[PDB]
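Q: Structure: final.tsv, TSV, C-alpha atoms.
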```tsv
chain	number	residue	atom	x	y	z
A	1	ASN	CA	182.71	-137.42	-13.31
A	2	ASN	CA	180.46	-134.56	-12.15
A	3	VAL	CA	177.42	-134.43	-14.43
A	4	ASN	CA	175.83	-131.20	-13.24
A	5	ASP	CA	175.61	-129.68	-16.72
A	6	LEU	CA	173.57	-132.80	-17.67
A	7	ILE	CA	170.82	-131.93	-15.14
A	8	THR	CA	167.78	-129.87	-16.12
A	9	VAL	CA	166.30	-127.92	-13.18
A	10	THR	CA	162.54	-127.65	-13.81
A	11	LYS	CA	161.80	-125.84	-10.51
A	12	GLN	CA	163.49	-124.25	-7.51
A	13	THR	CA	161.87	-122.22	-4.78
A	14	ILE	CA	163.21	-121.07	-1.45
A	15	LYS	CA	160.40	-120.39	1.04
A	16	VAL	CA	160.54	-119.56	4.78
A	17	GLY	CA	157.71	-121.96	5.65
A	18	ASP	CA	157.07	-113.54	4.72
A	19	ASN	CA	160.93	-113.44	4.27
A	20	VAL	CA	161.35	-113.41	8.03
A	21	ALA	CA	163.35	-116.20	9.60
A	22	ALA	CA	161.95	-116.74	13.08
A	23	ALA	CA	164.83	-118.95	13.99
A	24	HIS	CA	163.58	-119.01	17.59
A	25	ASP	CA	160.04	-120.02	16.64
A	26	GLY	CA	161.76	-122.97	14.98
A	27	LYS	CA	160.91	-121.62	11.53
A	28	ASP	CA	162.22	-123.82	8.75
A	29	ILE	CA	163.47	-122.99	5.23
A	30	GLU	CA	162.06	-125.03	2.31
A	31	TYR	CA	164.04	-125.52	-0.87
A	32	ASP	CA	161.58	-127.32	-3.15
A	33	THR	CA	163.43	-128.42	-6.28
A	34	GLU	CA	162.40	-130.56	-9.23
A	35	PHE	CA	164.55	-131.56	-12.18
A	36	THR	CA	165.18	-133.89	-15.05
A	37	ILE	CA	167.98	-136.37	-15.42
A	38	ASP	CA	169.09	-137.04	-18.94
A	39	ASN	CA	169.80	-140.58	-20.08
A	40	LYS	CA	173.46	-139.75	-20.66
A	41	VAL	CA	173.77	-140.19	-16.89
A	42	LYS	CA	175.18	-143.61	-15.95
A	43	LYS	CA	176.00	-145.46	-12.72
A	44	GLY	CA	178.49	-143.72	-10.43
A	45	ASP	CA	177.91	-140.16	-11.78
A	46	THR	CA	177.67	-137.13	-9.41
A	47	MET	CA	175.27	-134.18	-9.38
A	48	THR	CA	175.18	-131.75	-6.53
A	49	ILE	CA	172.92	-129.62	-4.45
A	50	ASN	CA	174.19	-127.04	-2.03
A	51	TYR	CA	172.41	-125.20	0.75
A	52	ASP	CA	173.11	-121.59	1.62
A	53	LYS	CA	176.37	-121.21	3.56
A	54	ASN	CA	174.41	-119.66	6.46
A	55	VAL	CA	171.92	-122.52	7.03
A	56	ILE	CA	172.19	-126.14	8.23
A	57	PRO	CA	169.75	-128.96	7.64
A	58	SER	CA	169.53	-129.85	11.35
A	59	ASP	CA	169.68	-127.27	14.14
A	60	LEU	CA	170.24	-129.53	17.22
A	61	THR	CA	171.38	-132.88	15.85
A	62	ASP	CA	174.57	-133.62	13.97
A	63	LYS	CA	172.62	-136.40	12.27
A	64	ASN	CA	172.00	-134.36	9.14
A	65	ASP	CA	172.58	-136.79	6.28
A	66	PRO	CA	170.70	-136.04	3.02
A	67	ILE	CA	167.83	-138.25	2.06
A	68	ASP	CA	168.14	-140.61	-0.84
A	69	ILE	CA	165.98	-140.35	-3.94
A	70	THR	CA	163.68	-143.36	-4.39
A	71	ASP	CA	161.22	-144.36	-7.11
A	72	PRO	CA	157.58	-144.96	-6.19
A	73	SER	CA	158.21	-148.67	-5.75
A	74	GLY	CA	161.29	-148.05	-3.57
A	75	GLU	CA	164.21	-148.83	-5.86
A	76	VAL	CA	166.96	-146.31	-5.15
A	77	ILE	CA	167.79	-143.63	-7.75
A	78	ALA	CA	170.69	-141.92	-5.98
A	79	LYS	CA	172.34	-141.88	-2.57
A	80	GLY	CA	173.51	-138.48	-1.33
A	81	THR	CA	176.29	-137.54	1.07
A	82	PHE	CA	176.36	-134.22	2.98
A	83	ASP	CA	179.54	-132.24	3.65
A	84	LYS	CA	178.99	-129.76	6.52
A	85	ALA	CA	182.09	-127.74	5.57
A	86	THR	CA	180.88	-126.84	2.06
A	87	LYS	CA	177.20	-127.24	3.00
A	88	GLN	CA	176.70	-129.37	-0.09
A	89	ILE	CA	174.98	-132.62	-0.95
A	90	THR	CA	176.69	-134.83	-3.54
A	91	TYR	CA	174.18	-137.31	-4.97
A	92	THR	CA	175.76	-140.43	-6.58
A	93	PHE	CA	173.59	-142.32	-9.13
A	94	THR	CA	172.80	-146.02	-8.85
A	95	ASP	CA	172.24	-148.47	-11.69
A	96	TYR	CA	168.65	-147.16	-11.87
A	97	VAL	CA	169.79	-144.63	-14.51
A	98	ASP	CA	171.03	-147.48	-16.73
A	99	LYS	CA	167.88	-149.60	-16.38
A	100	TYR	CA	165.65	-146.53	-16.81
A	101	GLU	CA	165.40	-143.53	-19.18
A	102	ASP	CA	163.39	-140.26	-19.15
A	103	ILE	CA	163.93	-139.79	-15.42
A	104	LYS	CA	162.06	-137.02	-13.55
A	105	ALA	CA	162.77	-136.35	-9.85
A	106	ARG	CA	161.60	-133.92	-7.09
A	107	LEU	CA	163.18	-132.89	-3.78
A	108	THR	CA	162.18	-130.68	-0.83
A	109	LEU	CA	164.89	-129.99	1.76
A	110	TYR	CA	164.36	-128.14	5.00
A	111	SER	CA	167.08	-126.37	6.93
A	112	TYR	CA	167.57	-124.04	9.86
A	113	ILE	CA	169.59	-120.94	10.64
A	114	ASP	CA	173.09	-122.08	11.44
A	115	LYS	CA	173.54	-120.51	14.86
A	116	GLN	CA	177.36	-120.56	14.50
A	117	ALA	CA	177.30	-118.73	11.23
A	118	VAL	CA	174.70	-116.17	12.30
A	119	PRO	CA	175.15	-115.40	15.99
A	120	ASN	CA	173.14	-112.12	15.74
A	121	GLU	CA	169.94	-110.61	14.25
A	122	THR	CA	170.58	-109.64	10.60
A	123	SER	CA	169.35	-109.70	7.02
A	124	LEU	CA	170.73	-112.21	4.52
A	125	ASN	CA	170.56	-113.05	0.88
A	126	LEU	CA	170.10	-116.79	0.87
A	127	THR	CA	171.63	-118.60	-2.11
A	128	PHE	CA	170.62	-122.22	-2.73
A	129	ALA	CA	171.34	-124.33	-5.81
A	130	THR	CA	170.53	-127.52	-7.72
A	131	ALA	CA	173.40	-128.75	-9.88
A	132	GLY	CA	175.15	-125.39	-9.94
A	133	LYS	CA	171.99	-123.51	-11.03
A	134	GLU	CA	171.62	-121.04	-8.16
A	135	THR	CA	168.43	-119.31	-6.97
A	136	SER	CA	168.04	-116.72	-4.19
A	137	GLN	CA	165.82	-114.91	-1.76
A	138	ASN	CA	166.43	-112.24	0.84
A	139	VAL	CA	165.54	-112.80	4.48
A	140	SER	CA	165.91	-111.32	7.95
A	141	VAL	CA	166.81	-113.22	11.04
A	142	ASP	CA	164.86	-112.32	14.24
A	143	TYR	CA	166.04	-113.75	17.45
A	144	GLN	CA	163.76	-114.01	20.50
A	145	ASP	CA	164.16	-111.42	23.28
A	146	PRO	CA	164.13	-112.23	27.03
A	147	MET	CA	161.12	-112.21	29.34
A	148	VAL	CA	161.28	-109.39	31.83
A	149	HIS	CA	159.37	-109.10	35.10
A	150	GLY	CA	160.77	-106.38	37.29
A	151	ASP	CA	164.41	-107.39	37.58
A	152	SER	CA	163.82	-111.05	36.71
A	153	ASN	CA	165.03	-111.52	33.08
A	154	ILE	CA	165.90	-114.75	31.27
A	155	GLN	CA	165.86	-116.52	27.94
A	156	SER	CA	166.75	-119.94	26.58
A	157	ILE	CA	166.69	-122.38	23.64
A	158	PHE	CA	167.67	-125.94	22.79
A	159	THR	CA	171.18	-126.25	21.43
A	160	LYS	CA	172.12	-129.93	20.94
A	161	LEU	CA	170.01	-133.14	21.30
A	162	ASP	CA	171.52	-136.62	21.23
A	163	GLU	CA	168.99	-139.20	19.94
A	164	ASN	CA	171.61	-141.86	20.80
A	165	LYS	CA	172.42	-141.14	24.49
A	166	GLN	CA	168.92	-139.69	25.09
A	167	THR	CA	170.16	-136.39	26.34
A	168	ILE	CA	169.19	-132.87	25.45
A	169	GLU	CA	171.00	-129.60	25.96
A	170	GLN	CA	169.53	-126.27	26.90
A	171	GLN	CA	171.44	-123.02	27.16
A	172	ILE	CA	170.06	-120.36	29.46
A	173	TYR	CA	170.91	-116.69	29.73
A	174	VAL	CA	170.41	-115.68	33.34
A	175	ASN	CA	170.21	-111.86	33.46
A	176	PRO	CA	171.02	-110.95	29.85
A	177	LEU	CA	170.24	-107.33	30.76
A	178	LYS	CA	172.91	-107.34	33.51
A	179	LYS	CA	170.37	-105.86	35.97
A	180	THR	CA	170.80	-105.67	39.74
A	181	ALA	CA	168.88	-108.75	40.88
A	182	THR	CA	168.17	-109.36	44.54
A	183	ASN	CA	167.77	-112.88	45.94
A	184	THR	CA	167.87	-114.32	42.48
A	185	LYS	CA	166.86	-117.91	42.24
A	186	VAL	CA	166.73	-119.87	38.97
A	187	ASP	CA	164.76	-123.02	38.45
A	188	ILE	CA	165.06	-125.55	35.69
A	189	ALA	CA	162.22	-127.98	35.24
A	190	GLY	CA	160.66	-130.79	33.21
A	191	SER	CA	157.65	-129.10	31.65
A	192	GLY	CA	154.09	-127.49	32.97
A	193	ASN	CA	154.33	-131.10	34.32
A	194	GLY	CA	157.19	-133.17	32.86
A	195	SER	CA	158.82	-134.55	29.67
A	196	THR	CA	162.52	-134.84	30.66
A	197	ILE	CA	164.37	-135.72	33.92
A	198	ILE	CA	166.18	-133.35	36.33
A	199	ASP	CA	168.01	-134.49	39.44
A	200	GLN	CA	171.33	-134.35	41.30
A	201	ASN	CA	173.14	-135.83	38.26
A	202	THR	CA	171.69	-133.75	35.42
A	203	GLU	CA	174.71	-131.72	34.17
A	204	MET	CA	174.53	-127.99	34.91
A	205	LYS	CA	177.57	-125.79	34.33
A	206	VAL	CA	177.44	-122.11	35.21
A	207	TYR	CA	179.38	-119.23	33.69
A	208	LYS	CA	179.74	-115.52	34.70
A	209	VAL	CA	179.80	-112.90	31.94
A	210	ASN	CA	181.90	-109.73	32.56
A	211	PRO	CA	179.99	-106.45	31.86
A	212	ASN	CA	182.00	-105.68	28.72
A	213	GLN	CA	180.96	-108.98	27.09
A	214	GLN	CA	177.90	-109.26	24.85
A	215	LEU	CA	176.09	-112.61	24.30
A	216	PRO	CA	175.10	-114.10	20.90
A	217	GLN	CA	171.49	-113.25	20.10
A	218	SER	CA	171.30	-116.80	18.71
A	219	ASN	CA	171.22	-117.94	22.34
A	220	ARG	CA	173.69	-120.68	21.44
A	221	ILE	CA	177.24	-120.23	22.67
A	222	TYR	CA	179.84	-122.29	20.81
A	223	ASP	CA	182.96	-121.39	22.85
A	224	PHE	CA	183.14	-121.43	26.66
A	225	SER	CA	186.85	-120.73	26.86
A	226	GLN	CA	186.16	-116.99	27.22
A	227	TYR	CA	183.65	-117.11	30.09
A	228	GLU	CA	184.38	-117.52	33.78
A	229	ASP	CA	183.40	-121.09	34.74
A	230	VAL	CA	181.80	-120.58	38.15
A	231	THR	CA	180.10	-123.99	38.39
A	232	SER	CA	181.87	-124.97	41.65
A	233	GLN	CA	180.65	-121.77	43.28
A	234	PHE	CA	177.13	-123.19	42.84
A	235	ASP	CA	178.13	-126.44	44.61
A	236	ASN	CA	176.47	-125.44	47.88
A	237	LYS	CA	173.53	-123.77	46.11
A	238	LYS	CA	171.54	-126.59	44.49
A	239	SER	CA	168.08	-127.70	45.57
A	240	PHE	CA	166.45	-130.66	43.77
A	241	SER	CA	162.70	-131.38	44.12
A	242	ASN	CA	160.32	-133.08	41.62
A	243	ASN	CA	162.11	-132.68	38.32
A	244	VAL	CA	163.14	-129.24	39.49
A	245	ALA	CA	166.58	-127.91	40.21
A	246	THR	CA	166.90	-124.63	42.09
A	247	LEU	CA	169.94	-122.41	41.95
A	248	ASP	CA	170.71	-119.77	44.61
A	249	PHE	CA	172.40	-116.88	42.79
A	250	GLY	CA	171.91	-114.41	45.68
A	251	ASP	CA	172.25	-110.72	44.82
A	252	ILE	CA	173.74	-110.39	41.31
A	253	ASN	CA	174.57	-107.58	38.82
A	254	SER	CA	176.20	-109.78	36.17
A	255	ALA	CA	174.78	-111.91	33.34
A	256	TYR	CA	175.20	-115.69	33.50
A	257	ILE	CA	174.96	-118.65	31.22
A	258	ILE	CA	173.74	-122.08	32.27
A	259	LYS	CA	174.37	-125.23	30.28
A	260	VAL	CA	171.85	-127.88	31.08
A	261	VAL	CA	172.21	-131.39	29.65
A	262	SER	CA	169.37	-133.60	30.85
A	263	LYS	CA	168.24	-137.17	30.15
A	264	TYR	CA	164.88	-137.43	28.43
A	265	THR	CA	162.47	-140.29	28.18
A	266	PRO	CA	161.40	-141.61	24.77
A	267	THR	CA	157.81	-141.40	23.65
A	268	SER	CA	156.10	-144.67	22.60
A	269	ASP	CA	154.29	-142.83	19.82
A	270	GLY	CA	157.76	-142.29	18.37
A	271	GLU	CA	157.78	-138.52	17.97
A	272	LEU	CA	159.93	-136.12	20.02
A	273	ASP	CA	157.38	-134.44	22.32
A	274	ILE	CA	160.19	-132.97	24.46
A	275	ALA	CA	160.08	-129.72	26.50
A	276	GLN	CA	162.00	-127.98	29.26
A	277	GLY	CA	161.71	-124.72	31.22
A	278	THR	CA	163.41	-122.18	33.45
A	279	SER	CA	162.28	-119.27	35.56
A	280	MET	CA	164.16	-116.45	37.29
A	281	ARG	CA	162.98	-115.05	40.60
A	282	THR	CA	163.98	-111.83	42.28
A	283	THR	CA	162.52	-110.01	45.29
A	284	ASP	CA	161.14	-106.58	44.19
A	285	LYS	CA	160.73	-103.15	45.87
A	286	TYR	CA	157.59	-104.20	47.73
A	287	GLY	CA	159.15	-107.46	48.95
A	288	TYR	CA	157.14	-109.68	46.53
A	289	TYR	CA	158.53	-112.43	44.23
A	290	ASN	CA	158.72	-111.70	40.48
A	291	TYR	CA	158.97	-114.63	38.14
A	292	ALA	CA	160.01	-114.45	34.57
A	293	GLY	CA	160.04	-117.85	32.91
A	294	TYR	CA	161.06	-119.54	29.62
A	295	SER	CA	160.04	-122.84	28.02
A	296	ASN	CA	161.50	-124.53	24.92
A	297	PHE	CA	160.18	-127.49	22.89
A	298	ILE	CA	161.33	-129.39	19.84
A	299	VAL	CA	160.17	-128.83	16.27
A	300	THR	CA	160.62	-131.25	13.34
A	301	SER	CA	161.21	-130.79	9.60
A	302	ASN	CA	161.80	-133.66	7.20
A	303	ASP	CA	163.12	-133.63	3.66
A	304	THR	CA	161.04	-135.52	1.08
A	305	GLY	CA	161.30	-136.57	-2.54
A	306	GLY	CA	161.16	-139.31	-5.16
A	307	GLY	CA	161.62	-140.04	-8.84
A	308	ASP	CA	160.28	-142.01	-11.80
A	309	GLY	CA	161.38	-143.55	-15.07
A	310	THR	CA	160.56	-145.20	-18.35
A	311	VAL	CA	161.64	-148.82	-18.20
A	312	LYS	CA	164.19	-149.38	-21.02
A	313	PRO	CA	163.41	-152.20	-23.49
B	1	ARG	CA	165.43	-132.19	10.57
B	2	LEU	CA	165.26	-130.99	14.25
B	3	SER	CA	165.11	-127.54	15.97
B	4	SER	CA	163.68	-125.77	19.07
B	5	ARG	CA	161.02	-123.20	20.04
B	6	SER	CA	160.69	-120.80	22.95
B	7	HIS	CA	157.88	-119.78	25.28
B	8	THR	CA	157.32	-117.35	28.10
B	9	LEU	CA	155.35	-117.51	31.34
B	10	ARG	CA	155.27	-114.92	34.14
B	11	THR	CA	153.62	-114.90	37.51
B	12	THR	CA	154.08	-112.97	40.75
B	13	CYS	CA	153.93	-114.49	44.25
B	14	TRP	CA	152.79	-112.50	47.27
B	15	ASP	CA	151.54	-113.44	50.72
B	16	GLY	CA	147.87	-113.82	51.63
B	17	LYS	CA	147.11	-112.49	55.15
```
Reformat the file's structure so that it appears as structure tokens.
A:
Amino acid sequence: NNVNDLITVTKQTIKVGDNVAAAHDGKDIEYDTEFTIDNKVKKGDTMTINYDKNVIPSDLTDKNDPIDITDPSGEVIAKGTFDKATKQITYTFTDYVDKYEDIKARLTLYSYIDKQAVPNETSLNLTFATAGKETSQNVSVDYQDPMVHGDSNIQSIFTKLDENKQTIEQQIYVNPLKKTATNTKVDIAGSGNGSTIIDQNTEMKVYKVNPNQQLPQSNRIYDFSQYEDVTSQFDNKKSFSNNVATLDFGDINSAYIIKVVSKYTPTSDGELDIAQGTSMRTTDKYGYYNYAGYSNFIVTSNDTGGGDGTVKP
Amino acid sequence: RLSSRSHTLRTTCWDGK
């Protein structure tokens, strides 16, 4: 029932918006395809499109369904279904293809570096496809580096956002350089004024990283089994003042990870103008306070595409 | 259809006197 061989790819281009994937500048990856459907395609037939195995259409939301192809008027041409495992859309055809002949359709699908696939900086040959007909381009994946100010060093990104429960998750690397940090204090804040909400209840788990361990340059951990959960240690070390939590690390030599899930407030305009920040403080030689800080904010792609047909007489 | 960005800000804080 797969009718891939019946599909005529007129165009297919992978772009990166230079061939550099700034995954931490929220750089997208276009795949702008066009094609022709022959009339020998009937209701219930299936053509495919697959993404590269190392991308994902949505970075921080599991809600990555494929769009559906729709004629100018709005009648549906096919409804797609995305399988994360195989990273492949399967587009089933509606009765449009029976009512209509000579059918030309365009797509444009954005995607992000799958942080589970590619935990560290590297080059990749990306391979995309439209109905089996592959195309490729080479790229390199740069991950952000931490801010350093004396001993104070930190970095962070957004990992998972839940449009349903209105929460957002941020993962913070306190002391990725495993420096000796004296009276270390780490703040998390809605930011720099406010966009989210941080208080007693905002979930903050803390993990210690042994000196032999190296963290994923993606800045997204997937497995916390293999890190010392120290969250209870920080029980008696939490100050909360004006959308700002403050953590008292004391003198440290070890890296740490913080997992912050925080409620956000929806924007009336109906876009996701969300942002959150952290900052690491350490006393320096001269007895001053050095602040390195990090702030993340959400970026949005959105697939687009339609079709068109002769009306059969 | 959704991903993050990162930004950096540094200051120092001493005592005026």
Q: Find the residues in chain A near chain B: any atom within 9 Å counts, using all atoms listed in the file. Write them as a VMD selection string.
A: chain A and resid 23 to 28 57 to 61 63 to 64 110 to 112 144 146 to 149 155 to 161 277 279 287 to 303
Q: Could those selected residues go to a file with C-alpha atoms, as a compact mmCIF listing (two decimals), keeping the file's coordinate frame?
A:
```txt
# COMPACT_ATOMS: atom_id res chain seq x y z
CA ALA A 23 164.83 -118.95 13.99
CA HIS A 24 163.58 -119.01 17.59
CA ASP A 25 160.04 -120.02 16.64
CA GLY A 26 161.76 -122.97 14.98
CA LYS A 27 160.91 -121.62 11.53
CA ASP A 28 162.22 -123.82 8.75
CA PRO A 57 169.75 -128.96 7.64
CA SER A 58 169.53 -129.85 11.35
CA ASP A 59 169.68 -127.27 14.14
CA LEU A 60 170.24 -129.53 17.22
CA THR A 61 171.38 -132.88 15.85
CA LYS A 63 172.62 -136.40 12.27
CA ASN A 64 172.00 -134.36 9.14
CA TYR A 110 164.36 -128.14 5.00
CA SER A 111 167.08 -126.37 6.93
CA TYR A 112 167.57 -124.04 9.86
CA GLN A 144 163.76 -114.01 20.50
CA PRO A 146 164.13 -112.23 27.03
CA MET A 147 161.12 -112.21 29.34
CA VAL A 148 161.28 -109.39 31.83
CA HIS A 149 159.37 -109.10 35.10
CA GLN A 155 165.86 -116.52 27.94
CA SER A 156 166.75 -119.94 26.58
CA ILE A 157 166.69 -122.38 23.64
CA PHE A 158 167.67 -125.94 22.79
CA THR A 159 171.18 -126.25 21.43
CA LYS A 160 172.12 -129.93 20.94
CA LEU A 161 170.01 -133.14 21.30
CA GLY A 277 161.71 -124.72 31.22
CA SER A 279 162.28 -119.27 35.56
CA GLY A 287 159.15 -107.46 48.95
CA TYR A 288 157.14 -109.68 46.53
CA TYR A 289 158.53 -112.43 44.23
CA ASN A 290 158.72 -111.70 40.48
CA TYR A 291 158.97 -114.63 38.14
CA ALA A 292 160.01 -114.45 34.57
CA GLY A 293 160.04 -117.85 32.91
CA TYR A 294 161.06 -119.54 29.62
CA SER A 295 160.04 -122.84 28.02
CA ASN A 296 161.50 -124.53 24.92
CA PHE A 297 160.18 -127.49 22.89
CA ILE A 298 161.33 -129.39 19.84
CA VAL A 299 160.17 -128.83 16.27
CA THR A 300 160.62 -131.25 13.34
CA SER A 301 161.21 -130.79 9.60
CA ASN A 302 161.80 -133.66 7.20
CA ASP A 303 163.12 -133.63 3.66
```
Q: Please write out, as lines of an AutoDock Vina configuration file, where the centre of an axis-aligned box around all listed atoms of stretch 1-14 of chain B lies and how long its edges are, in Å to one decimal, after adding 4 Å on each side.
A:
```
center_x = 159.1
center_y = -122.3
center_z = 28.9
size_x = 20.6
size_y = 27.7
size_z = 44.7
```
Q: Enter the distance from atom CA of residue A:172 to atom CA of residue A:265, in Å, rounded to one decimal.
A: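 Going from atom CA of residue A:172 over to atom CA of residue A:265, I get 21.4 Å.
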Q: Just the number, please: distance in Å from atom CA of residue A:201 to atom CA of residue A:223, one decimal.
A: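 These two atoms are separated by 23.3 Å.
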Q: If you count all atoms listed in the file, which residues fall within 12 Å of residue A:212, apart from same-chain ones fewer than 3 positions away, as a list in words?
A: residues 178, 208, 209, 215, 227, 254 and 255 of chain A
